Every structure is written in C-alpha cells, then in structure tokens.
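Letter by letter, the chains look like this.
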Amino acid sequence: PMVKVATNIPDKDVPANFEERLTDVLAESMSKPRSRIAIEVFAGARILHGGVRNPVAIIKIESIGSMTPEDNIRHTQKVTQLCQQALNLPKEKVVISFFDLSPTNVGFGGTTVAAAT
Amino acid sequence: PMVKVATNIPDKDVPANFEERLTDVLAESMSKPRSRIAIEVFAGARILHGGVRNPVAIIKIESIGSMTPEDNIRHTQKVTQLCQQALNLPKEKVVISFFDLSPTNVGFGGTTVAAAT
Amino acid sequence: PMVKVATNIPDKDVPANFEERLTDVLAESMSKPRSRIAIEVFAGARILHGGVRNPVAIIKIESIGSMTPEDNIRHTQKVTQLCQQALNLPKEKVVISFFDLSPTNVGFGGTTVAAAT
C-alpha cells in the first residue's frame, strides 16, 4: 500500500513516529505486511479546505484490494483516530481518498505485482 | 472535491487568494459546497514538461461525480482560465487529471461519504 | 503522460538530467511524444517504506492508454533500471502506481484530450 499525507501542520509538529504508527494501523486494517507499506508525509504544505487555512490532513491511500466499502469505513475510522491523536485534527479535517489498484498496475522490485505472483 | 496543484512557479508568485478563487471556480463548475473543497498547492516544485522547465501547472482533481466528459470540458476551461489569469500560464502549460470517486472511497469526518448519506 | 516521483534522496542528489532521461524512457516505453510528458520530482521528502527511512522512490504514472498488464511490466523494468542507475536505488526500493485515464478525463490546452481529437 502507498499512502500520501499532505498537511498544513508544520513538519516539526508531525511526530517522528507518525509514519510508523500509520504503517502499523494500515497493516492491521488492510491485512498487509509492514514491509510493503510506504508513507509519504508532505507537511508544512499550502492547503485551503472549506475556504480556510485551519489545520487539515488530505490523505491518499492506494492498495491492491482491502478496499471494499466496509473496509474503507474501518480504514477511515482508524486513520482518522490516529490523526486526531497525533496531529490534533478534528475528524472534519481529515479527508481520505481510496484507490484500489489491480496488481497489474503496481510495479515493485522491477516488475509488476501481477508478474511476481 | 480534492485538488492538487503542482507548479514550478515560485510560491511567492502564486497569489495568496489563488486557492480561494479555485475553490469558488470548482464549487460553481462541479455544483459542490465550498465547505467540502480542498486545494493543495505545491509551488516552487521541480517539474519538466515537454522537455523544458518553462512555467507549468500539473493539476489533479478528485470528486464524487460531476465528472462526465462534458463536465470535464467545463472544468478544464474554467480552471485553465484561472491559471492563465493568476499564474500567467498559457493553456498548453495547464495539465489536469480527473478522478471520479465512489462515495464508498472517500473518507471524511471519520467515516466514508457513503456511510454518512 | 504525467509522472510524479517522490523520494527521500536529497534534491541535490537527484541529477539535473533525471527528468529528461525519465521523459525519454517513457516516451519510448509508452509510445508518446516527449512534448506531452510531465515529470514532477519531490525530492528530500519525508518517506517511510517497510518501516525504514532508507532511500526509496515512490512513483505515480498516469497515461491515456499504453497501460496493458504487459506494457506496465516494461515500464516498471525501464523506470526501475533508470532509478537504479541515477538514484542508486535497489529495485525493492522503487514502487510505481499506474493509472490509465480516459481522454475524457485529461485536460490540456484548455479542453479535454477527448474534445481535441
């Protein structure tokens, strides 16, 4: 799974263990090995949400599966709870987009996931 | 809707009201409330387009609906016109990608849009 | 085609000709004109992959076609080989996501690709 977190919170306010916690949250929620999770953090970013500059996190999550409607409720709940705790964000300032990719459309280790299976 | 604008124009040359104008443009074009629009601006970025470093904007727009082929022509026209005016970009230096998401695949306020409906 | 490369390698370690080489690689692999390829490089980024901070590249590639399963193996191989050479990355530290867009969902030159055809 590949995650991008963009936030207007300053990078020094995003704790150094945030990525590791998010890795662990999504490994459990998505049933995926920690070894195949990437987290990108773009903090101190220029973001407007709902017309204001209040702290916000805009998150994108890509995965091969584990993205049924029901799964995505669980992910939303878990990711949001982490952001509440670690980023001091209200739930209405955590936006997540979910992309379910075919293994034919993910490259890793020099070939697609589909070709390595 | 969630928008990411990456540009090699310096951040001080992207006017402070750009995001608000883009918010308003897309609220009208997409028939969506301003309260549910996020704009991320990554300016001063390292971009090459068509082999050159000339000023350019690469934009991604995600939305739940409002992305028929006809809708996306209108969005392109409107977004491009804003970038022409505010970013001093020719139209051939404004590239936009449109992603139409299921409400099952957007999290907001601690659950999916689908679960909140 | 539109490419985003995020890496935790420092920007001064990403050679200035990286984007041009990647442009050329994908023009050949995807059979697309150099004039319609954008490369965004977000270097010096905060990334965790597999729980560690080792150098890594997380890449997103969008295209109108040229993204059959077989095509994406070739792209993965070629892009990975470039990153091995230019970024000093092992193949298991190059992750790529492939998005195949409709021409109705790409704006360029003030209208969609579909409307310009």
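Method information in the entry identifies X-ray crystallography as the source of the structure, with 1.62 Å recorded as the resolution.

For chain A, the PDB entry supplies the name Macrophage migration inhibitory factor and the organism Heligmosomoides polygyrus. The record deposited in the PDB is entitled "Macrophage Migration Inhibitory Factor 1 from Heligmosomoides polygyrus". Per UniProt, chain A carries the Sequence similarities (unreviewed entry) text "Belongs to the MIF family."

**Q** Explain the sheet that holds strand β4 (residues 57-63) of chain B here, please?
**A** Strand pairing in a sheet takes place through backbone hydrogen bonds and is either antiparallel or parallel in direction. Strand order in the open sheet formed by seven strands is β3(A)-β2(B)-β1(B)-β4(B)-β5(B)-β6(C)-β7(C), with mixed pairing between adjacent strands. The open sheet has two edge strands with one neighbour each: β3 (46-49) of chain A together with β7 (111-112) of chain C. On the sheet, helix α2 (residues 69-87) of chain B packs against β4 and β5 (94-100) of chain B together with β6 (106-108) and β7 of chain C and is oriented at approximately 140° with respect to β5 of chain B.

**Q** Explanation requested: the relation of the copies chain A and chain B in the structure shown.
**A** One copy of the chain maps onto the other through a rotation about an axis plus a displacement along that axis. Once chain A has been moved 0.0 Å along the axis and rotated by 120°, it coincides with chain B to within an RMSD of 0.0 Å. In symmetry terms, the pair is related by a three-fold rotation axis. Little of the interface of chain A is mirrored in chain B: 11% of its interface residues are interface residues there too.

**Q** Would you mind going over the pattern of salt bridges with me for this structure?
**A** When their charged atoms lie close together, side chains carrying opposite charge are able to pair. Summed over all chains, the structure comprises 24 salt bridges over all chains. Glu19 of chain A is the partner of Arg53 of chain C in a salt bridge, and the nearest nitrogen-oxygen pair spans 2.7 Å. A residue pair is termed interchain when its members come from two chains, as with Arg53 of chain C in the loop between β3 (46-49) and β4 (57-63) and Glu19 of chain A in helix α1 (residues 18-30). Under the relative-accessibility criterion, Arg53 of chain C is labelled partly exposed at 40%. Classification of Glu19 of chain A as buried rests on a relative accessible area of 0%. When salt bridges that share partners are traced, they join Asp11 and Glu19 of chain A together with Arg46 and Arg53 of chain C into one network.

**Q** Help me understand the interface of chain A and chain C, please; the structure alone is not making it clear to me.
**A** Interface size, as often reported, equals the accessible area lost upon joining of the parts. On the chain C side, the residues contacting the 31 residues of chain A number 27 residues. Between chain A and chain C the total buried area reaches about 2,300 Å² when both faces are included, carbon and sulfur atoms providing 53% of it. Joining chain A to chain C, the criterion identifies five salt bridges. Applying the counting rule to chain A against chain C returns 16 residue pairs in polar contact. Of all the secondary structure elements, the ones that give two or more residues to the side of chain A that touches chain C are β1 (2-7), α1, β2 (38-42), β6 (106-108) and β7 (111-112) of chain A. The element best represented in the side of chain A that touches chain C is β2 of chain A, accounting for five residues. Each residue belonging to the side of chain A that touches chain C can be placed in one class, and the counts come to 15 nonpolar, nine polar and seven charged. In this structure, β6 of chain A lies alongside strand β5 (residues 94-100) of chain C, joined through three bridges in antiparallel fashion. When the sheet's bridge partners are listed, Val106 of chain A is paired in β5 of chain C with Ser97 of chain C.

**Q** Mind showing me how you'd approach the nonpolar core here?
**A** As a rule of thumb, soluble globular proteins bury nonpolar side chains together. Counting 40 residues, the largest nonpolar core has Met2 and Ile58 of chain A, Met2 and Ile58 of chain B together with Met2 and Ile58 of chain C as its most contacted members. Setting aside its immediate chain neighbours within four residues, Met2 of chain C contacts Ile58, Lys60, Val95 and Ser97 of chain B together with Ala38, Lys60, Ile61, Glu62, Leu101 and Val106 of chain C. Grouped together as the second largest cluster of nonpolar side chains are 26 residues, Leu26, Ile39, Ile59 and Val79 of chain C included.

**Q** When you look at the packing of helix α1 (residues 18-30) of chain C against helix α2 (residues 69-87) of chain C in this model, what are you seeing that I'm missing?
**A** Residue and element names in this part refer to chain C. One way to put it is that α1 packs onto α2 with a least axis distance of 10 Å and a crossing angle of 160°. If you check the angle between α1 and α2, you find them roughly antiparallel. The two elements α1 and α2 meet at a crossing, and its hand is right-handed. Of the residues in α2, those in contact with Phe18, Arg21, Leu22, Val25, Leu26, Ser29 and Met30 of α1 are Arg74, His75, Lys78, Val79, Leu82, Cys83, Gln85, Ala86 and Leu87. The residue makeup of the contact of α1 with α2, split by class, is ten nonpolar, three polar and three charged.

**Q** Quick question: what am I supposed to make of the relation of the copies chain A and chain C here?
**A** Rotating chain A by 120° and moving it 0.0 Å along the rotation axis overlays it on chain C with an RMSD of 0.0 Å. When the interface residues of chain A are mapped onto chain C, a mere 10% of them again fall at the interface, so the copies present different faces.

**Q** Looking at this model, I keep getting lost on the packing of aromatic side chains. Mind explaining?
**A** The geometry of an aromatic ring pair is captured by the separation of the ring centres together with the interplanar angle, meaning the angle of the planes. Counted according to the given criterion, the structure contains six aromatic pairs over all chains. Here the aromatic rings of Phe42 of chain A and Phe42 of chain B are separated by 5.9 Å at their centres, their planes lie at 75°, and the arrangement is edge-to-face. Here the residue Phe42 of chain A occupies a position in strand β2, and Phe42 of chain B occupies one in strand β2 (residues 38-42), the pair thus bridging two chains. Judged by its relative accessible area of 10%, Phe42 of chain A falls in the buried class. Linked through ring pairs, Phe42 of chain A, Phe42 of chain B together with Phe42 of chain C together constitute an aromatic cluster. Sitting over the face of the ring of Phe42 of chain B, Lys4 of chain B holds its NZ or CZ atom 5.2 Å from the ring centroid.

Parameters and conventions
- Residues numbered from 1 in each chain as written, not as in the entry; some residues may be left out.
- Chains lettered and ligands numbered in written order.
- Heavy atoms only, no water.
- UniProt positions renumbered as here; feature names shortened; annotations may be inferred.
- Pairing = 2+ DSSP bridges.
- Helix = DSSP H or I, 4+ residues; strand = E, 2+ residues; numbered from the N terminus.
- Contact = heavy atoms within 4.5 Å.
- Axes fitted to C-alpha atoms, helices over the stretch in contact; angles between N-to-C directions.
- Least-squares fit on C-alpha atoms.
- Salt bridge = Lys/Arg side-chain N within 4 Å of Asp/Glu carboxyl O.
- Buried < 20%, exposed > 50% of the residue type's maximum accessible area, 1.4 Å probe, protein only.
- Buried area = accessible area lost by both parts, 1.4 Å probe.
- Polar contact = N/O pair within 3.5 Å; in protein donor to acceptor, adjacent residues only side chain to side chain.
- Nonpolar A, V, L, I, M, F, W, Y, C, P; charged D, E, K, R; others polar.
- Core = buried A, V, L, I, M, F, W, Y, C linked by side-chain atoms within 4.5 Å.
- Parallel < 35°, antiparallel > 145°, perpendicular 65-115°, else oblique.
- Left-handed = near helix turned anticlockwise from the far one by under 90°.
- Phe/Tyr/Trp six-rings, centres within 6.5 Å; stacked < 30°, edge-to-face > 60°.
- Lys NZ or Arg CZ within 6 Å of the ring centre and 35° of its normal.

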